[PDB]
Amino acid sequence: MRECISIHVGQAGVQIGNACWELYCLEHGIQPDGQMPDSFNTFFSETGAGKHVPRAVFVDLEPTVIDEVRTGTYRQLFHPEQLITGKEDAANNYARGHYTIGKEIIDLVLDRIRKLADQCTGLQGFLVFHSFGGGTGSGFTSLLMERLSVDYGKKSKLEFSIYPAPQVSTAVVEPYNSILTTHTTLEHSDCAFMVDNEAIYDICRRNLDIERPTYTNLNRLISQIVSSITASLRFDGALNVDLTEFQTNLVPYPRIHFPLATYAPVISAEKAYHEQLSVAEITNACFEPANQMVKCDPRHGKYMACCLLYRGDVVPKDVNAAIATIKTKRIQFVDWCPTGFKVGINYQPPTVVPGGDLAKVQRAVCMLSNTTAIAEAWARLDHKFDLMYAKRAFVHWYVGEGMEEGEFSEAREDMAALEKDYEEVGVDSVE
Amino acid sequence: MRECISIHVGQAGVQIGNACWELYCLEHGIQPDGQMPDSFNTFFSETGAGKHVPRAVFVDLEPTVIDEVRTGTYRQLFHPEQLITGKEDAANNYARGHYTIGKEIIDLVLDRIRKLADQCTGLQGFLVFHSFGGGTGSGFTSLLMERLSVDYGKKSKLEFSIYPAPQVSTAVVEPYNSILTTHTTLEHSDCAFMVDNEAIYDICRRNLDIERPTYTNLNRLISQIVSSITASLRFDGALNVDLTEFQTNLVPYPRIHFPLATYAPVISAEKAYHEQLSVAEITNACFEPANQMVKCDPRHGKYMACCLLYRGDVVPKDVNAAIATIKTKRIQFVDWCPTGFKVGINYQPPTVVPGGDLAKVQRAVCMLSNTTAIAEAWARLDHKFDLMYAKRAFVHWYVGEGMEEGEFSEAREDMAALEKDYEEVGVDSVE
Amino acid sequence: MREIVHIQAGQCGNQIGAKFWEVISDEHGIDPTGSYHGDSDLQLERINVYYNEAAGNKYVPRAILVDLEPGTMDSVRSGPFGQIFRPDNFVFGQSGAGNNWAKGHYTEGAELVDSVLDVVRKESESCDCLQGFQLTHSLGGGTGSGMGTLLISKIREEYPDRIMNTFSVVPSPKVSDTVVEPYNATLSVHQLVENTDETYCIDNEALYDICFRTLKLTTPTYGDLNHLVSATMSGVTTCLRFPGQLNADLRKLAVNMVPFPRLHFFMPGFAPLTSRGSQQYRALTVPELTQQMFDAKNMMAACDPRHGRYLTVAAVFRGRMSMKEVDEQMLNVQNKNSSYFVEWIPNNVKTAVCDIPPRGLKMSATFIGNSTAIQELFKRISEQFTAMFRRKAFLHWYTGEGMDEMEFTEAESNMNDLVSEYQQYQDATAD
Amino acid sequence: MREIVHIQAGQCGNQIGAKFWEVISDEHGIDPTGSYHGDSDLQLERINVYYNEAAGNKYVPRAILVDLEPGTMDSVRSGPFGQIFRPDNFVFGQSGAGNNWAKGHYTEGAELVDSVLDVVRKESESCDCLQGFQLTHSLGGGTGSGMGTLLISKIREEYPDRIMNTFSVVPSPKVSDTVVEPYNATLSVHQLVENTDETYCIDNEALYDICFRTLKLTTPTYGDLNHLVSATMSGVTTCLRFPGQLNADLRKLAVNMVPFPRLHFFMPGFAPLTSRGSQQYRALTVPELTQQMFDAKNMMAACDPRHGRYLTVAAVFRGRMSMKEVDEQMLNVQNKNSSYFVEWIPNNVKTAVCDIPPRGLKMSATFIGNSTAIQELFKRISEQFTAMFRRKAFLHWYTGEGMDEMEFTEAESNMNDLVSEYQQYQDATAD
Ligand SMILES: CC[C@H](/C=C(/C)[C@@H]1C[C@@H](OC)C[C@H](O)C(C)(C)[C@@]2(O)O[C@@H](C[C@@H](OC)[C@H](O)C(=O)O1)C[C@@H](OC)[C@H]2O)CO
Ligand SMILES: CC[C@H](/C=C(/C)[C@@H]1C[C@@H](OC)C[C@H](O)C(C)(C)[C@@]2(O)O[C@@H](C[C@@H](OC)[C@H](O)C(=O)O1)C[C@@H](OC)[C@H]2O)CO
Ligand SMILES: Nc1nc2c(ncn2[C@@H]2O[C@H](COP(=O)(O)OP(=O)(O)OP(=O)(O)O)[C@@H](O)[C@H]2O)c(=O)[nH]1
Ligand SMILES: Nc1nc2c(ncn2[C@@H]2O[C@H](COP(=O)(O)OP(=O)(O)OP(=O)(O)O)[C@@H](O)[C@H]2O)c(=O)[nH]1
Ligand SMILES: Nc1nc2c(ncn2[C@@H]2O[C@H](COP(=O)(O)OP(=O)(O)O)[C@@H](O)[C@H]2O)c(=O)[nH]1
Ligand SMILES: Nc1nc2c(ncn2[C@@H]2O[C@H](COP(=O)(O)OP(=O)(O)O)[C@@H](O)[C@H]2O)c(=O)[nH]1
Ligand SMILES: [Mg+2]
Ligand SMILES: [Mg+2]
């Protein structure tokens with residue numbers, strides 16, 4: 001059976017996970033007590049009493065977060081040892097997350113993971129959730145990936161990550177932690193999915209037509225995306241897409257593997273009543289800059305590869321027609337690509353979470369997109385880094401944790417190359 | 001019929017016995033009054049009224065301990081003369097236990113034993129419980145064994161013993177008493193089972209997830225191990241293993257006969273609900289260093305022989321599969337061995353003692369293991385001895401009891417050889 | 001959990017602390033007898049951060065009170081919460097030091113400290129994960145500065161990796177309430193800088209202004225002033241005591257607030273501070289709060305941030321609010337008033353959100369600003385210092401205590417360089 | 001059972017003993033008339049250790065009271081428990097000996113002893129297994145030391161294999177309450193060393209410090225001081241009187257505490273000693289207890305163990321607690337402060353646990369330390385001794401009693417060698 005292990009790291013990783021598993025349970029009829037008053041053996045294991053136990057590992061050096069889980073609604077859905085906590089967090093310090101603090105936990109984590117993996121009949125891969133900038137998310141994940149790739153060199157290594165959005169805040173030492181992580185991530189991850197909180201806020205404001213959103217529903221939106229992806233494994237479809245195929249159909253060059261994501265059709269019931277959400281309609285919405293989950297105006301670059309995941313009431317031929325139209329829309333694609341569209345179709349329509357702020361639809365589209373436009377974001381990041389690094393702001397916090405100053409130089413160097421890579425790809429290869 | 005005589009010596013031996021017999025009664029439905037409101041004739045005899053009388057002899061120079069028994073719940077289960085007490089204990093002095101005090105009791109003890117043995121239709125062997133370091137346990141047992149081996153040169157001589165754990169305390173003159181006993185034990189015992197209190201504490205903390213344990217439940221854990229062994233005699237199984245076969249299947253060289261022990265799957269009900277304790281799962285747990293009952297990281301050495309005892313719901317083929325996997329796990333074995341696995345299977349699943357801290361399971365595994373890794377422990381012991389002996393600390397306490405100073409030298413000499421033996425075994429014999 | 005040791009030193013420090021503990025106890029439902037009568041499980045759940053559950057239901061705030069002489073701590077013990085403290089944590093001598101820094105840091109303090117630290121050690125021993133230390137002290141005070149400084153040094157000696165922060169009361173730009181302020185303050189800072197990881201500057205002067213203006217008060221009693229300060233302190237560690245959306249560990253705050261060691265002085269602020277006479281004419285929105293937080297008039301430190309730039313600002317919110325509101329609002333501030341922020345650092349704002357509001361304030365926030373305008377304070381001090389020093393004013397009250405005149409020149413040197421540092425960064429540019 | 005003979009000698013000894021018996025009777029439910037009104041069967045069951053069931057329900061503490069003159073023992077008989085004693089066990093003369101050791105050990109004592117011993121013999125005859133003897137006496141006392149010493153010698157003569165231990169009151173480092181202390185004390189020790197198997201040193205000086213400090217007392221009445229001492233004494237033999245987990249027979253204690261004959265002096269301690277004014281601010285945990293037990297300030301002997309090393313430490317706990325807590329906690333002590341323990345001996349700690357707590361103390365412990373720092377005491381004594389001796393001070397009060405001056409030189413010789421021995425082992429190393 002096709003099995004998948006989820007890993008949730010740090011405040012974001014975990015808190016997002018809460019939303020995700022909440023959703024998973026709903027979709028499969030699983031009740032908070034692990035009860036089910038035939039596609040579960042991917043994310044859930046069966047215990048002696050039949051009880052379902054989700055397959056994930058939560059790691060957070062800040063026990064507070066996990067304690068919320070331990071005392072929350074779904075405290076009955078986790079095998080105690082899946083909730084790994086530290087005593088002190090990484091204080092937004094990559095070095096703590098990687099070298100001095102995470103170092104002392106990682107052993108436990110990997111052991112737990114291994115035991116989980118040993119329950120599998122065929123592991124497809126891992127789903128790691130974390131945030132750039134978070135000492136734990138960023139720092140610890142770096143470490144984690146470094147070692148997971150050793151034991152499981154052939155398993156899919158997917159990750160979702162919160163990409164420090166261009167114009168937001170939260171932490172100051174972000175660009176440091178972000179780059180430091182990226183520098184190592186590139187050598188182990190198979191495919192990362194970028195999400196901006198900033199972009200989401202815009203979506204909430206304009207599509208949901210709401211105001212005052214928090215992580216309690218920002219994450220819900222995100223979980224829809226995650227579900228859409230894994231729905232392929234969990235439900236029969238016209239065109240099921242195994243996780244492995246995302247490498248092939250998204251990455252065209254090792255170092256480049258940062259797809260963007262979107263999700264249509266976000267909308268309030270208010271408008272749902274007044275709007276026919278056809279296949280074509282939705283498909284078009286996915287390519288409207290406004291609806292991207294990342295603050296990056298796609299028109300600035302070209303597309304390298306797109307992947308569409310349809311759920312619910314869709315018709316192959318209609319889908320094809322819609323895509324053909326998209327191709328017509330002179331949306332640019334690199335010359336290196338002649339197709340650019342890989343499409344999955346799952347019969348299981350989207351669901352809706354009680355008390356949520358998203359109208360239920362008969363069909364929906366999740367899109368993953370590899371585009372050169374992202375280079376902009378990388379440039380912005382690097383720029384910020386340069387400014388702080390020049391004066392060596394906050395550097396002593398890393399050096400004091402054993403980080404090598406030259407290590408920053410190293411990372412930056414690689415980032416420069418990365419940006420350059422994107423430039424080269426968009427060269428428009430011609431004799 | 002296959003019969004077995006248990007002997008409990010000293011505080012530990014007796015107190016452990018309390019737990020053991022408590023358990024035996026439970027498993028066989030025997031009520032504290034020897035009542036049974038067909039496999040009992042191994043540990044129990046039938047009196048005129050049908051009443052059951054366990055077959056054991058309790059010896060303790062410190063009447064206090066036995067008095068607890070005499071006035072305890074199970075005071076109705078013992079024939080008065082099975083409870084042999086002295087007037088003054090050995091004060092952690094091997095010499096008192098062996099030469100000056102025990103000397104005056106041993107005659108009685110042996111006579112009682114003989115009479116018990118004379119009730120048997122076929123004695124398999126003896127189960128002696130004692131602690132190293134305990135003047136009685138250590139000293140007296142030494143004497144006892146010396147003489148039992150004369151009358152019963154062909155009976156199995158098994159013993160369980162508390163091995164002064166590397167980093168614990170309790171007594172100061174331990175390493176003296178310990179070695180002094182070992183020196184004689186090697187010439188009479190067929191197989192000793194080492195248990196560390198230290199290791200158990202760790203298990204209680206991590207597996208049971210409890211805190212603040214005492215001998216009242218530390219011993220309970222131990223009794224599970226004991227039961228697992230004797231269950232072979234007491235219940236039908238797919239592969240019953242007679243006590244005699246433990247020599248053959250554990251010892252490969254006379255002087256070496258100190259198996260370690262473990263027991264899976266220790267666990268609280270809390271986790272039991274969230275975890276499927278499969279055969280394979282459990283089998284793997286047995287080889288996880290963390291779960292050993294002895295403070296000795298098995299990875300430091302190689303395995304000489306392992307013996308697995310499965311109870312309850314197991315399937316031969318599944319067991320075999322699990323073992324094959326274990327063999328694959330490049331866990332090292334000496335070249336002298338090509339198999340290393342002897343397996344017993346008993347249909348009677350594990351039970352659970354009312355008010356205990358261990359969840360009931362459908363299946364469990366007790367493992368005995370002869371490994372060269374134990375040499376480390378022996379070295380540690382010898383080292384401690386050397387330090388104290390050099391200055392002759394506390395030596396006058398032994399000499400004053402008639403012990404020969406040279407006797408210490410003798411013992412140490414033999415211990416050196418013992419350690420060397422282990423070294424030679426792990427040589428990895430090759431042309 | 002992580003634990004904080006609260007040290008109070010000097011008359012001022014103790015008086016503030018008294019109010020502080022009143023506030024904290026209130027928030028956790030702890031009455032004057034130390035008995036728990038809270039409503040939410042959260043109040044108790046993480047109470048460990050400050051209180052040590054002694055026995056039964058009696059919690060004992062882990063605080064240490066220090067003074068060179070009685071008549072202060074005595075009054076504390078006579079107060080409402082005197083009995084909540086454990087007698088053994090009251091450490092004091094029988095001698096004064098009329099704002100004689102030398103005495104506090106030498107001839108008198110050197111004796112007292114021999115005790116004190118022992119208590120500290122005991123308290124730290126009772127902790128599982130010592131978060132760090134908090135010192136409430138007043139600059140210029142013979143005890144507060146003298147002992148304060150001493151203790152800080154001594155603590156780092158044994159706990160170099162813990163976070164130490166203090167809430168100093170600084171000199172007033174207007175009427176000084178001591179004669180030898182400049183000296184005492186300068187001498188303290190001389191060492192303070194090289195020890196404490198972060199420190200807050202609060203000036204009674206500024207507080208009075210707030211009271212007479214914003215709070216529309218006419219009888220700004222020290223108790224009221226202390227209350228205000230206490231509120232700020234509690235806000236700082238709310239993230240440790242309670243759950244939230246973006247918890248910011250004490251250490252984390254240091255990381256995003258200190259860009260260079262030494263430069264770790266902060267200007268605290270607090271909102272909302274609306275007078276009861278006008279509370280009904282308020283909205284209490286995220287915008288309202290930020291209006292107050294960035295209002296120079298609400299700075300609790302007597303400096304005018306308008307004349308400097310912010311190296312970094314932390315904003316901690318309590319209660320309920322959206323992530324959208326907060327982030328966007330903070331962004332607006334940086335954009336609209338970009339000239340007030342240091343160009344070296346992209347995103348000069350760190351944010352945090354706890355879901356537990358102050359009693360009676362659905363929304364509340366604390367403000368920690370690292371402004372270069374603080375330079376002003378140090379400048380003032382240095383000037384006044386040299387004015388007195390060059391006349392050798394009152395130096396005999398320090399020389400007579402065994403103080404080497406050179407210490408003053410060294411102190412000045414550090415002070416002047418501190419100013420220089422701020423001045424450099426004040427106008428240093430990226431290009 | 002095993003029986004102990006309690007001999008009291010000298011004013012001090014008798015006064016202490018009076019309090020001792022009060023305590024013991026209390027613990028066994030024995031009222032002043034010797035009638036049993038206990039609650040637990042344990043109280044009565046092993047009462048034999050001290051009391052001799054005379055007739056009916058009247059129990060008679062097997063104690064012998066000795067003094068050279070009346071006016072002491074008389075007051076004992078006039079006290080609360082005077083009638084509990086059997087008149088025939090009051091042996092005294094009609095002459096004093098104003099701290100005249102010679103008289104006590106010669107011209108006067110030689111007459112009195114002719115009786116005394118007869119009583120001793122009778123008491124020993126009534127025993128089934130004479131555990132040993134306990135002598136309560138005060139060094140420097142004409143009776144206490146004089147007769148004390150004499151009796152000890154005489155007893156060993158007839159009971160060489162019994163354990164003899166005494167609870168001596170030693171000289172104070174501060175103000176001496178006698179003039180010819182040095183002489184009397186030295187003369188006693190001269191023989192004491194070669195007789196008594198183990199002896200405890202308690203110094204009023206130290207006790208006062210404890211009272212004024214730890215117990216927050218202002219009126220440390222001798223009765224209170226004696227009470228404290230009595231508590232310690234009772235703890236020592238709790239293992240004999242009551243059941244437990246690790247019973248430690250009096251003899252056993254000697255074995256694990258004396259590494260070399262002669263070196264058998266101990267520093268007693270006791271916990272908890274929290275004043276009633278602060279008992280409500282305590283936790284009463286195994287850690288708390290060990291904090292007190294190893295606190296130099298709680299040493300009942302006036303020496304500072306900080307300046308020496310422990311050859312061996314015994315820790316006896318009463319009441320309820322886990323084995324885990326105890327063992328681990330004791331380990332921590334040795335590890336954290338390894339420099340304070342003698343490297344010659346691995347595991348410098350002996351532990352014991354009884355399940356019967358002191359009245360009102362759920363957890364309690366006694367501390368017996370064999371520290372080389374005791375050397376200090378003997379050093380002080382020797383110095384003072386020779387200071388007087390070289391001037392022939394007051395020697396005519398000894399010479400006149402038929403004492404040979406040579407005895408003093410011999411006494412010194414032993415004393416000095418004792419010091420040397422401790423000094424050698426103090427810094428002797430393994431290599
Ligand atoms: C941003 C950090 C910050 C620096 C500045 C300059 C900020 C900017 C803005 O606040 C965020 C001003 C703000 O938008 C207002 C105009 C509504 C207003 O609040 O300005 C003040 C005067 C202003 O200084 C001139 C204030 O003191 C202040 O500090 O302003 C009068 C006040 O009367 C009701 C009201 O008119 C320091 O923390
Ligand atoms: C271990 C045997 C032992 C020797 C030592 C050195 C031990 C070690 C530790 O105790 C086990 C000290 C301990 O961990 C503390 C720090 C909590 C503490 O108790 O230390 C003392 C001072 C310390 O000596 C400096 C003490 O007197 C003492 O004896 O310490 C002040 C006290 O104020 C509340 C508190 O701060 C002798 O029996
Ligand atoms: N979408 C979303 N973003 C979050 C959430 N929690 C935190 N973030 C974002 O994640 C980043 C901060 O990283 P965190 O995950 O909070 O940090 P952490 O991994 O816990 O690491 P430390 O706290 O530094 O140990 C910021 O960009 C936040 O906006 C969440 O629940 N949802
Ligand atoms: N697991 C376990 N260990 C025990 C128990 N009782 C004592 N021990 C251990 O046994 C050793 C001490 O030996 P004891 O059996 O108490 O001594 P003894 O045999 O009574 O000998 P003496 O008391 O010296 O006459 C120490 O290592 C103790 O930790 C028990 O009930 N369970
Ligand atoms: N905010 C505040 N300041 C105080 C308080 N008590 C004294 N001060 C200030 O503290 C300084 C005097 O130092 P003080 O602590 O009394 O001297 P010390 O006992 O030698 O440390 C002055 O600036 C006072 O205005 C108080 O309760 N609150
Ligand atoms: N702790 C304690 N010490 C005492 C008591 N009575 C006397 N002393 C001490 O015993 C010593 C005097 O010896 P004492 O027994 O009275 O003389 P003796 O009758 O000749 O043996 C001094 O050190 C006194 O402080 C007492 O009841 N308790
Ligand atoms: Mg975190
Ligand atoms: Mg015993």
# chains A, B, ... in the order shown; residues from 1 in each chain; ligands from 1
$ residues_near_ligand --ligand "ligand 8" --cutoff "8 Å" --atoms "only C-alpha atoms and all ligand atoms" --output "list in words"
residues 10, 11, 12, 60, 61, 62, 65, 89, 90, 91, 134, 135, 136 and 137 of chain B; 246, 247 and 248 of chain D
$ write_last_selection --atoms "N, CA, C and O atoms" --output "JSON list (two decimals), in the first residue's frame"
[["chain", "number", "residue", "atom", "x", "y", "z"],
["B", 10, "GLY", "N", 17.92, -14.09, 51.01],
["B", 10, "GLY", "CA", 18.23, -12.71, 51.36],
["B", 10, "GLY", "C", 17.06, -11.78, 51.09],
["B", 10, "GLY", "O", 16.05, -12.19, 50.55],
["B", 11, "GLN", "N", 17.23, -10.51, 51.47],
["B", 11, "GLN", "CA", 16.20, -9.50, 51.27],
["B", 11, "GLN", "C", 15.65, -9.55, 49.89],
["B", 11, "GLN", "O", 14.45, -9.69, 49.70],
["B", 12, "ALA", "N", 16.53, -9.41, 48.92],
["B", 12, "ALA", "CA", 16.10, -9.39, 47.54],
["B", 12, "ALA", "C", 15.49, -10.67, 47.13],
["B", 12, "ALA", "O", 14.41, -10.69, 46.56],
["B", 60, "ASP", "N", 16.69, -16.49, 55.05],
["B", 60, "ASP", "CA", 17.19, -15.17, 55.32],
["B", 60, "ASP", "C", 17.60, -15.04, 56.75],
["B", 60, "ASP", "O", 16.78, -15.16, 57.66],
["B", 61, "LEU", "N", 18.87, -14.80, 56.94],
["B", 61, "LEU", "CA", 19.44, -14.66, 58.25],
["B", 61, "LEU", "C", 18.80, -13.50, 59.04],
["B", 61, "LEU", "O", 18.86, -13.46, 60.26],
["B", 62, "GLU", "N", 18.19, -12.57, 58.31],
["B", 62, "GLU", "CA", 17.47, -11.46, 58.89],
["B", 62, "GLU", "C", 15.99, -11.74, 59.00],
["B", 62, "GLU", "O", 15.23, -11.37, 58.10],
["B", 65, "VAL", "N", 12.58, -9.96, 57.39],
["B", 65, "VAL", "CA", 12.05, -10.07, 56.06],
["B", 65, "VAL", "C", 11.03, -11.15, 55.98],
["B", 65, "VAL", "O", 9.95, -10.98, 55.42],
["B", 89, "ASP", "N", 21.94, -11.07, 60.67],
["B", 89, "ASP", "CA", 22.26, -11.12, 59.26],
["B", 89, "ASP", "C", 23.75, -11.06, 59.00],
["B", 89, "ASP", "O", 24.57, -11.14, 59.93],
["B", 90, "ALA", "N", 24.12, -10.98, 57.74],
["B", 90, "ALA", "CA", 25.51, -11.05, 57.38],
["B", 90, "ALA", "C", 26.15, -9.70, 57.25],
["B", 90, "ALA", "O", 27.32, -9.61, 56.91],
["B", 91, "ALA", "N", 25.40, -8.64, 57.50],
["B", 91, "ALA", "CA", 25.95, -7.29, 57.48],
["B", 91, "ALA", "C", 26.77, -7.00, 56.24],
["B", 91, "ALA", "O", 27.87, -6.46, 56.34],
["B", 134, "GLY", "N", 24.82, -8.69, 48.82],
["B", 134, "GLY", "CA", 24.12, -9.01, 50.03],
["B", 134, "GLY", "C", 24.89, -10.06, 50.77],
["B", 134, "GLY", "O", 25.20, -11.10, 50.22],
["B", 135, "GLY", "N", 25.17, -9.82, 52.02],
["B", 135, "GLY", "CA", 25.95, -10.77, 52.76],
["B", 135, "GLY", "C", 25.30, -12.14, 52.71],
["B", 135, "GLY", "O", 25.97, -13.15, 52.51],
["B", 136, "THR", "N", 23.99, -12.16, 52.87],
["B", 136, "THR", "CA", 23.28, -13.41, 52.83],
["B", 136, "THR", "C", 23.19, -13.89, 51.41],
["B", 136, "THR", "O", 23.77, -14.92, 51.07],
["B", 137, "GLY", "N", 22.55, -13.11, 50.56],
["B", 137, "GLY", "CA", 22.42, -13.48, 49.17],
["B", 137, "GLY", "C", 23.74, -13.95, 48.60],
["B", 137, "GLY", "O", 23.86, -15.09, 48.17],
["D", 246, "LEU", "N", 15.08, -1.60, 52.63],
["D", 246, "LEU", "CA", 16.46, -1.94, 52.77],
["D", 246, "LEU", "C", 16.86, -1.79, 54.19],
["D", 246, "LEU", "O", 17.31, -0.73, 54.60],
["D", 247, "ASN", "N", 16.64, -2.83, 54.96],
["D", 247, "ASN", "CA", 16.98, -2.77, 56.35],
["D", 247, "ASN", "C", 18.47, -2.86, 56.54],
["D", 247, "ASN", "O", 19.14, -3.68, 55.90],
["D", 248, "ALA", "N", 18.98, -2.02, 57.40],
["D", 248, "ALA", "CA", 20.39, -1.98, 57.69],
["D", 248, "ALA", "C", 20.65, -2.23, 59.14],
["D", 248, "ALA", "O", 20.48, -1.34, 59.97]]
$ residues_near_ligand --ligand "ligand 5" --cutoff "8 Å" --atoms "only C-alpha atoms and all ligand atoms" --output "VMD selection string"
chain C and resid 9 to 16 67 to 68 96 to 100 137 to 146 169 to 172 176 to 178 202 to 204 222 to 223 225 to 226 229
$ residues_around --residues "residue 281 in chain B" --least-positions-apart "6" --cutoff "10 Å" --atoms "only C-alpha atoms" --output "number ranges by chain"
A: 115, 118-119; B: 264-265, 275, 322
$ select_by_dssp --residues "range 269-347 of chain C" --states "alpha helix (DSSP H)" --output "list in words"
residues 286, 287, 288, 289, 290, 291, 292, 293, 323, 324, 325, 326, 327, 328, 329, 330, 331, 332, 333, 334, 335 and 336 of chain C
$ select_by_dssp --residues "range 337-383 of chain A" --states "strand (DSSP E)" --output "ChimeraX atom specification"
/A:341-346,363-371
$ write_last_selection --atoms "N, CA, C and O atoms" --output "CSV table (one decimal), in the first residue's frame"
chain,number,residue,atom,x,y,z
A,341,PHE,N,2.0,21.0,-19.0
A,341,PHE,CA,0.9,20.7,-18.2
A,341,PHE,C,0.8,19.2,-18.0
A,341,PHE,O,0.5,18.4,-18.8
A,342,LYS,N,0.8,18.9,-16.7
A,342,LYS,CA,0.6,17.5,-16.3
A,342,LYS,C,-0.6,17.6,-15.4
A,342,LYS,O,-0.7,18.4,-14.5
A,343,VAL,N,-1.6,16.8,-15.6
A,343,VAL,CA,-2.9,16.9,-15.0
A,343,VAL,C,-3.4,15.7,-14.3
A,343,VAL,O,-3.4,14.6,-14.8
A,344,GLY,N,-3.8,15.9,-13.1
A,344,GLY,CA,-4.4,14.8,-12.3
A,344,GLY,C,-5.9,15.1,-12.1
A,344,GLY,O,-6.3,16.2,-12.0
A,345,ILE,N,-6.7,14.0,-12.0
A,345,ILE,CA,-8.1,14.2,-11.7
A,345,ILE,C,-8.5,13.2,-10.7
A,345,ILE,O,-8.4,12.0,-10.8
A,346,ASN,N,-9.1,13.7,-9.6
A,346,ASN,CA,-9.6,12.9,-8.5
A,346,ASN,C,-11.1,13.0,-8.4
A,346,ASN,O,-11.6,14.1,-8.5
A,363,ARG,N,-16.4,21.2,-7.4
A,363,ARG,CA,-15.1,20.9,-8.0
A,363,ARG,C,-14.1,22.0,-7.7
A,363,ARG,O,-14.5,23.1,-7.4
A,364,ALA,N,-12.8,21.6,-7.7
A,364,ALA,CA,-11.8,22.5,-7.4
A,364,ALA,C,-10.5,22.2,-8.0
A,364,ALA,O,-10.3,21.0,-8.4
A,365,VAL,N,-9.6,23.2,-8.1
A,365,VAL,CA,-8.3,23.0,-8.7
A,365,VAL,C,-7.2,23.4,-7.9
A,365,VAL,O,-7.1,24.6,-7.5
A,366,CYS,N,-6.2,22.6,-7.7
A,366,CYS,CA,-5.0,23.0,-7.0
A,366,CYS,C,-3.9,23.0,-8.0
A,366,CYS,O,-3.8,22.1,-8.8
A,367,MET,N,-3.2,24.0,-8.0
A,367,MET,CA,-2.1,24.1,-9.0
A,367,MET,C,-0.8,24.3,-8.4
A,367,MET,O,-0.6,25.2,-7.6
A,368,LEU,N,0.2,23.6,-8.9
A,368,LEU,CA,1.6,23.7,-8.5
A,368,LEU,C,2.3,24.3,-9.7
A,368,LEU,O,2.0,24.0,-10.8
A,369,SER,N,3.2,25.2,-9.5
A,369,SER,CA,3.8,25.9,-10.6
A,369,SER,C,5.2,26.2,-10.4
A,369,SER,O,5.6,27.0,-9.5
A,370,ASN,N,6.1,25.7,-11.3
A,370,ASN,CA,7.5,26.0,-11.3
A,370,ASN,C,7.7,27.2,-12.3
A,370,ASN,O,7.4,27.0,-13.4
A,371,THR,N,8.1,28.3,-11.8
A,371,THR,CA,8.3,29.5,-12.6
A,371,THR,C,9.5,30.2,-12.3
A,371,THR,O,9.9,30.3,-11.2
$ closest_residue --among "D:165, D:339, D:230, D:131" --to "chain B" --atoms "only C-alpha atoms"
D:131
$ residues_near_ligand --ligand "ligand 2" --cutoff "10 Å" --atoms "only C-alpha atoms and all ligand atoms" --output "PyMOL selection string"
(chain C and resi 88-89+114-126) or (chain D and resi 267+269+287-299+304-310+313+329-330+332-341+367-369+371)
$ closest_residue --among "C:256, C:78, C:364, C:196" --to "ligand 3" --atoms "only C-alpha atoms and all ligand atoms"
C:256
